[PDB]
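[1] Once you've seen the sequence and the experimental structure below, I've got questions.
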Amino acid sequence: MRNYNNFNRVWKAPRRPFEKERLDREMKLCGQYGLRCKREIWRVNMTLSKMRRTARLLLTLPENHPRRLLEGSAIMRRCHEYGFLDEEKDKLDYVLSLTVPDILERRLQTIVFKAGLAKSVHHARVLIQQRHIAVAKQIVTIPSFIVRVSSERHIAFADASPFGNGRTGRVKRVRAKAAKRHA
Amino acid sequence: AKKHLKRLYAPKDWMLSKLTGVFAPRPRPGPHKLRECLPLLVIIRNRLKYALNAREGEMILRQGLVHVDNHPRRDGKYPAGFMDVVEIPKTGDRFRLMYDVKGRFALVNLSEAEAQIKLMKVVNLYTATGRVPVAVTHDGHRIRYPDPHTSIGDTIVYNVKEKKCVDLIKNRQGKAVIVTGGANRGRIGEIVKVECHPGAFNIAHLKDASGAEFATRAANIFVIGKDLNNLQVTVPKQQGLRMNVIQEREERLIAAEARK
Amino acid sequence: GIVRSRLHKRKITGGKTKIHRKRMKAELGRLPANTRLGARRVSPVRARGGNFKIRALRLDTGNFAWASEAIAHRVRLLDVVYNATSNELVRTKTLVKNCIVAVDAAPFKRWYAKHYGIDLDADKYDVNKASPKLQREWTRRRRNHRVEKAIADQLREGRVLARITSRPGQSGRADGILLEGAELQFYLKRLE
Amino acid sequence: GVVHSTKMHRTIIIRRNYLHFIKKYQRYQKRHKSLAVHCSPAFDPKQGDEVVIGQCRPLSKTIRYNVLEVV
RNA sequence: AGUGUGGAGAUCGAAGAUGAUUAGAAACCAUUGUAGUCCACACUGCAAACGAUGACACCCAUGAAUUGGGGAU
RNA sequence: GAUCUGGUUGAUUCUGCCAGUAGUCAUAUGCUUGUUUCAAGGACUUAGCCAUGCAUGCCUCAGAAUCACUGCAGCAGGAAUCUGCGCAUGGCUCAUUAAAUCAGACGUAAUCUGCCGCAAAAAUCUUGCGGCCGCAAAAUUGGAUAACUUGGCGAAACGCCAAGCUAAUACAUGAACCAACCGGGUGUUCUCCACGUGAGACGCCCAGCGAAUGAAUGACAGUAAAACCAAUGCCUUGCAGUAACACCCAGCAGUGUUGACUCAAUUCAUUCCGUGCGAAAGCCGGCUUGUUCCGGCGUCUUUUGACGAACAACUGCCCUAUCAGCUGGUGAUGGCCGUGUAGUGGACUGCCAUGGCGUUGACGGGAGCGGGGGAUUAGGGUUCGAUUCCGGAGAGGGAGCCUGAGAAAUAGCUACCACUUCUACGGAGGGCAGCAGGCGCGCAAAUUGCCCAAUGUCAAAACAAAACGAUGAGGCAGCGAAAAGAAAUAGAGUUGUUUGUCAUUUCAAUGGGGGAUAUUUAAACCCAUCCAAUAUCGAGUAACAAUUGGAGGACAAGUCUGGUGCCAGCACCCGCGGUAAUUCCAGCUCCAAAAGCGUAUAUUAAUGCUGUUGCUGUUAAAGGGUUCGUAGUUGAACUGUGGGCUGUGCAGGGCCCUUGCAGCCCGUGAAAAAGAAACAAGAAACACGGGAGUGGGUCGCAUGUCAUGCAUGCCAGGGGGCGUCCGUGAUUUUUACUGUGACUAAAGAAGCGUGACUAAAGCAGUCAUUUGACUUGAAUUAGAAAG
RNA sequence: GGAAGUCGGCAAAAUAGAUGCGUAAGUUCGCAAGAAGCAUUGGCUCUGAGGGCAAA
Ligand SMILES: [K+]
Ligand SMILES: [K+]
Ligand SMILES: [K+]
Ligand SMILES: [K+]
Ligand SMILES: [K+]
Ligand SMILES: [K+]
Ligand SMILES: [K+]
Ligand SMILES: [K+]
Ligand SMILES: [K+]
Ligand SMILES: [K+]
Ligand SMILES: [K+]
Ligand SMILES: [K+]
Ligand SMILES: [Mg+2]
Ligand SMILES: [Mg+2]
Ligand SMILES: [Mg+2]
Ligand SMILES: [Mg+2]
Ligand SMILES: [Mg+2]
Ligand SMILES: [Mg+2]
Ligand SMILES: [Mg+2]
Ligand SMILES: [Mg+2]
Ligand SMILES: [Mg+2]
Ligand SMILES: [Mg+2]
Ligand SMILES: [Mg+2]
Ligand SMILES: [Mg+2]
Ligand SMILES: [Mg+2]
Ligand SMILES: [Mg+2]
Ligand SMILES: [Mg+2]
Ligand SMILES: [Mg+2]
Ligand SMILES: [Mg+2]
Ligand SMILES: [Mg+2]
Ligand SMILES: [Mg+2]
Ligand SMILES: [Mg+2]
Ligand SMILES: [Mg+2]
Ligand SMILES: [Mg+2]
Ligand SMILES: [Mg+2]
Ligand SMILES: [Mg+2]
Ligand SMILES: [Mg+2]
Ligand SMILES: [Mg+2]
Ligand SMILES: [Mg+2]
Ligand SMILES: [Mg+2]
Ligand code: NA
Ligand code: NA
Ligand code: NA
Ligand code: NA
Ligand code: NA
């Protein structure tokens, strides 16, 4: 009753439920990137589709069209700052050829593993889930945190986490209480 | 009649979020139309931020602190529309309401003794009882004895303190005008030629300082000076020029980067 | 009650309008005055907006104006002699706008003598009593003005035809003007 | 419009013929509208003529326009 | 084909009759035969009423023919 | 992502449907459910029926208190009750409803309009003193009636009488002088001039706003000179100059507006009878405390401009012809005079004339409240919209009406029909399609919860101080697998059994959860912070144990089973089952999705199986038996290569030709001043200061001086050129289309910017740490058709 | 009260003139039809409408 906030959707199920090629390809993306289910991939697919559709529209207008000149320039900034597109790729046609693995490459769970912080991509997810990593000195507890290129050098352990400037973690805390009580 | 005004039905220039309030201050009748006015509660709370709530807004207004056209107003629903001098002596704000290039309301701060100088556009010329020529203006004021050369469409600069008109600016080509309606509203430009269609609306072709050729209905223009170079009163900070949106985007991105 | 809306009317196509709304006070009607000749009886009506309408029931006098002389006098109403709507309104002596009436012609005779010094019959005004300065004024007016025989004969008889120009059921008064020119000659044929 | 019928007294019927565009089929269709117009004795138009009408107050159940020219 | 009213009624022939065939066979076959079939006037308007192929217009490769009108020898 | 697959045959290629497949803020249901954010929620059917409680009331410096009310010592609060304002807004629901409602765009010059803004206001014979007269002047007006008291009636009743006081800003009456300008009608009135458009004073009758009737204004704008006569100006004793005016006013209006007004406003004549008008004959504050103190209010009239109301209608708006004619006694289309209305109008009476609508679908019938919008979609489209914003309508069904500015009002009245409740049987009551909640209906849908803290509404009203307004509107919680975003169920090792599985040995970490110095919050609950800062609990089967359908094909997953033996069954379709079941009824494993997954019914895509884009008609379904033939659709060519010069392109076969520039009376004629020829209505010929902010470009001296004449000129003239207005003239030119622009509510959909930790969001916020910058931002779009 | 009387509505009752509106099945399209049914009606005092002849 008179509630006025949007709640949209971010994913779509595949049209053909049982494709051997699609099921095996999606299972490869799950283990290789450490995802809990296929909805993360389908979220990525919807994310990539939307940029593709608006790009498709922009390339039909002349390069001097103010809508093309403004929204084309904007979508380049969105691609470069989030690391999706290489900075020397300046044309609007390189957005079209964007791929699914490129988007998950910028996920924090991927970047944490690739920076040497996490030995495995599954270690990265739980480590992020356990408030152990801070981006620009801000705790992030979400594996799907797409990181900008300018914030890549600020990735570190959170100053509150046991691995760093914070107090000791749970195991070193509960067992210490056990020894003191046993006295 | 109706007394409530819904949040969504409220004018967009008031900048009230659709999540905080279900209702909005319905502007009680007065000098300005409720579609073209900021209620004195909205002005004192959402624009000047002197009031935290609406309950703290009635505290200020009922005290008689807020002066409009050299007159204290106590009702929070007071229209307090365009080209009015608002003064709060406790803080000495002494600003007037104007329209910026994007068409929104602007609290243009005024200098000392500039508050006395105020303009208003003649909308109707008629005789009152006893053969008295009377001119009513966009503010709703009635001038009992105007200039013999004053016509409809001209603006008289009117002294609020003296309660007397001091000069007249006739609506002709080659004058400085500011648009008051539509998306074109808030742009200062020069009347190059006005096309007169009897019965229907009149079309005013304008040309601002930068050379942009734009038009609008003649009921939206407001003479503000004799020429584009010299204006009677101060205008919002953009100087009435709407620059390109792409260049609007580039400069603010550069300025934001210059901070870092 | 009585309504003035178009919902009960047939469409120009002849179809029947299906009404989906109850009657409204903003479209009401009232019962007519049927104002008759008699001693002054009126009834106020509280119209919309607080204003009062004076529903006249009977009337006997009103200001009747001589148009060609820009003069008007209060006279009593003697009879109603013509109605363009129906004979039943004449027969019942119903006072409505544009109805032809007969009024007392005495004040117009007194005024004419006081103004031009021409007593048509020739308390009562005496022309010869006027100071000698006045006859100079009368001579100036007599060259400016020339009266019609048809009207003058009506003054001599004592009753003059007139036409009601007010709405008795709306304003509560029965004012009129005297029939002059071709308008009078139009109604004389019907009355004959 | 065009004078359609002059069979009343001081009143004429005019036709406003126009083409309506159907968006789905990308094509037009001929449509017409009828108006009852008061005609002064200064004009005396004929069937098939051409008139200019102007909007006035309700003059009758159907009349809201008055003849301004006859072409 | 059927209907109405007047004709006509040679042949053929729904219905019907008789004889065969047949397990049965007023079916195919045989001999007949009414209405029809033919005409005038008036109805009906139901076809494999078909080229199972709507009408109008333009372009369109080849050989031998065919019907009507023209031109040349 | 502009996508298909299984089923007709012994096989084949088609047509064609069935079945499959994905989505739905799309409903129900079955199974299952650890965290968090954001949420729809008795619409579908019965606009069915309902107990209870609440939902619209309101007071301060500022209308009224002698509460036998309170506290102090007359003051300050102040119940009740008059008075004033509001209750016509909000909130529900969607029954009615197709030239109606509605959307966009226009009107009201056809009107009404409380609260709110800005203005205007000279009518008025009053009062205290002696007998209408005289004196005098800060006007020292009059009756009620509330509350309250007494008596009370009545079962009760949001029921009632009678008597005594008593107020107000309730009701009524009424203010002469101080205090003007202004004109009309007059006097057998007085002073004069010659012997009447003569002049001057004085007496009286009217000359206020508004309303009624009538008369005049509310402009002209297509000619130049003389006589003549009467009157009146002047010079002096005949017409040059010259506003108008027989003074106390020597310019105190010869000039409203609109596109257009019978409008605004002014003058003249008659009129206002309750159906109008006070300086409320009002209240409160300040100082210098004033028969002239200065403010804040409050109110009656008049006025317009805002907030609204009502009416009208330019284009648009589902299915149906097994609905073809509709309307017109007794209004149907129009006219005349009226009536009624706030106003126009056949809205209505009387009288006239036959009109008005329809195959471009009238009339009738059926389903529906209309938009903004939702779902789906390559595009075109198809479909849904009771539901939060806007418009309309209703309050069981009907119909009438009072008050009020505004109601045909319903938590207002009156009546009838259906139902209904209390009663002392005399009688009196009711209207949840408000909130919360019951019964029935159903496949189907929350708590008789907290609070005015935010947003707003009303109100006599800032807050505070004996001093705290109402609010089931609304906000915040409970229930809530409609739906949506982020996300648990674990991360690493050493040894043995290139990898990899399995049995070990462990290691560290976080959350669910338990709490708090506390934070949030009206208070709470939720989230966020923390497990001491000297001092804050907890995961190893990390039992803090994941389900729903399947495993012949479509369609990912088995030579395992075991029975039934065409049975029991499965199976959306094809099919499985008749004793070695591919399909049945279970284990394991495996598959798919996953805190989610089946089933049913609708709808979109699939579907080029509705085809405008974009289908098919020989034989698959489908060209009418043939001609004629109206509406309807479609419809053949033609007014039409512009030329020259310089430079330039692998030009090409002095000429033609791309690109760039300058010329062209830009066919021919006839001379670009003129005239002529083309044109030119956005043109030309007249003609208007009341046309141009003083008649547009091109420092003392003339007028005159009883003049704020303190005013005018200071180039003379001519000539054309133009911004405005009017009249006269083209044997008069539009529309579709297309390019720009104006006009156009949010919510919703795109989109710029924005690390709300991310996202679904929101329009915020960022920085130095500062007594503030960013003169912070809140961009831009699209949104049918018609105008 | 209303056919319960009686073989049986026998007999009686009942409807009724004129004007306007309205009228079903069936049909040989002519009818059925006065189908069936509603409504008005008096007396007075008026007002309209419907004509003949003569005159430049
Ligand atoms: K949405
Ligand atoms: K207008
Ligand atoms: K035979
Ligand atoms: K009251
Ligand atoms: K009329
Ligand atoms: K609504
Ligand atoms: K099985
Ligand atoms: K098309
Ligand atoms: K055929
Ligand atoms: K009976
Ligand atoms: K018997
Ligand atoms: K009968
Ligand atoms: Mg025959
Ligand atoms: Mg035979
Ligand atoms: Mg056939
Ligand atoms: Mg065929
Ligand atoms: Mg077959
Ligand atoms: Mg299917
Ligand atoms: Mg409402
Ligand atoms: Mg409905
Ligand atoms: Mg809708
Ligand atoms: Mg419904
Ligand atoms: Mg209602
Ligand atoms: Mg009900
Ligand atoms: Mg009601
Ligand atoms: Mg109720
Ligand atoms: Mg009721
Ligand atoms: Mg309820
Ligand atoms: Mg087996
Ligand atoms: Mg299924
Ligand atoms: Mg579909
Ligand atoms: Mg389709
Ligand atoms: Mg398709
Ligand atoms: Mg097909
Ligand atoms: Mg076939
Ligand atoms: Mg052609
Ligand atoms: Mg030439
Ligand atoms: Mg939005
Ligand atoms: Mg008998
Ligand atoms: Mg019949
Ligand atoms: Na046989
Ligand atoms: Na054939
Ligand atoms: Na032939
Ligand atoms: Na087969
Ligand atoms: Na009997």
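    Ah, there it is. Numbering: from 1, shown residues only, chains lettered A, B, ... in the order given. Ligands and ions are numbered 1, 2, ... in the order given.
[2] which residue is nearest the centroid of chain C?
    residue C:164 (1.9 Å; Cα atoms, centre = their mean).
[3] That residue and residue C:94 touch, don't they?
    No. With contact taken as Cβ atoms under 8 Å, residue C:164 and residue C:94 are classed as non-touching, separated by 10.7 Å. To be clear about C-beta, it is placed using only N, CA and C from the backbone, and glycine gets the same treatment.
[4] Which residues are in contact with residue A:22?
    A:14, A:16 (Cβ atoms under 8 Å, 6 or more residues apart in numbering or on different chains).
[5] measure it to residue B:16 for me?
    49 Å (Cβ to Cβ, to the nearest Å).
[6] again with residue A:72
    Residue A:72 is 35 Å from residue B:16, by Cβ to Cβ.
[7] Also residue C:156?
    83 Å.
[8] and those two? which has more neighbours close in?
    residue B:16 (18 against 12; other Cβ atoms under 10 Å in any protein chain shown).
[9] helix or strand for that one, which one?
    Here residue B:16, judged by DSSP states H and E, is contained in no helix and no strand.
[10] Break down chain C into its strands, ranges please.
    C:36-37, C:41-46, C:52-59, C:61-66, C:71-82, C:100-104, C:159-164, C:176-178 (DSSP state E).
[11] so which of those comes closest to chain D?
    strand C:52-59 (22.2 Å; Cβ to the nearest Cβ).
[12] Is there proximity between the closest one and RNA strand F?
    Yes. Under the criterion of Cβ under 7 Å from any atom of the strand, RNA strand F is reached by strand C:52-59 at C:52-55.
[13] now the strands: where do they sit in the chain?
    I went with chain A, as the question did not name one. A:133-135, A:155-157.
[14] hmm, I had chain D in mind actually
    D:2-5, D:11-22, D:27-38, D:51-55, D:65-70.
[15] Which one, of the ones you listed, ends up nearest to residue B:132?
    The minimum distance between residue B:132 and the strands of chain D falls on strand D:51-55, with 34.4 Å, by Cβ to Cβ.
[16] Other residues contacting that closest one?
    D:1-3, D:12, D:14, D:35, D:37, D:39, D:43, D:45, D:64-71.
[17] Next, the angle strand D:27-38 makes with that strand.
    Counting by axes from the mean of the first three to the mean of the last three Cα atoms, to 10 degrees, strand D:51-55 lies at 70 degrees to strand D:27-38.
[18] what's the burial count for residue B:55?
    8.
[19] next one: the one 4 residues further on
    Residue B:59 is flanked by 14 other residues according to other Cβ under 10 Å.
[20] mind listing what it touches?
    Contacts of residue B:59 (Cβ under 8 Å, 6+ apart): residue B:51.
[21] for the residue of the stretch 1-150 of chain B at minimum distance from chain A, phi and psi?
    Closest contact between the stretch 1-150 of chain B and chain A, by Cβ to the nearest Cβ, is at residue B:18 (4.9 Å). Main-chain dihedrals, residue B:18, degrees, to the nearest 10: phi -80, psi -10.
[22] Quick check: closest non-adjacent residue to it.
    Excluding its sequence neighbours, the residue lying closest to residue B:18 (Cβ to Cβ, 6 or more residues apart in numbering or on different chains) is residue A:4, at 4.9 Å.
[23] Quick check, the residue in chain A closest to chain D?
    For chain A, Cβ to the nearest Cβ, closest residue to chain D: residue A:60, 21.4 Å.
[24] now do chain B
    residue B:199 (9.3 Å).
[25] looking at this, that residue is in a strand?
    No. Going by DSSP: H, G, I helix; E, B strand; the rest coil, the assignment for residue B:199 is coil, not a strand.
[26] Pick out the residue closest to the middle of chain D.
    Using Cα atoms, centre = their mean, the most central residue of chain D is residue D:14, at 2.6 Å.
[27] so how far is chain A from the closest residue to that residue other than its chain neighbours?
    In space, and not counting its chain neighbours, residue D:14 is closest to residue D:1: 3.7 Å by Cβ to Cβ, 6+ apart. Residue D:1 sits 42 Å away from chain A, taking Cβ to the nearest Cβ, to the nearest Å as the criterion.
[28] rewinding a little: and the residue of chain B closest to chain D, its phi and psi?
    phi 90, psi -60.
[29] what's the answer for the one 3 residues further on, then?
    Backbone geometry at residue B:202, expressed as degrees, to the nearest 10, gives phi -100, psi 140.
[30] Good, wrapping up.
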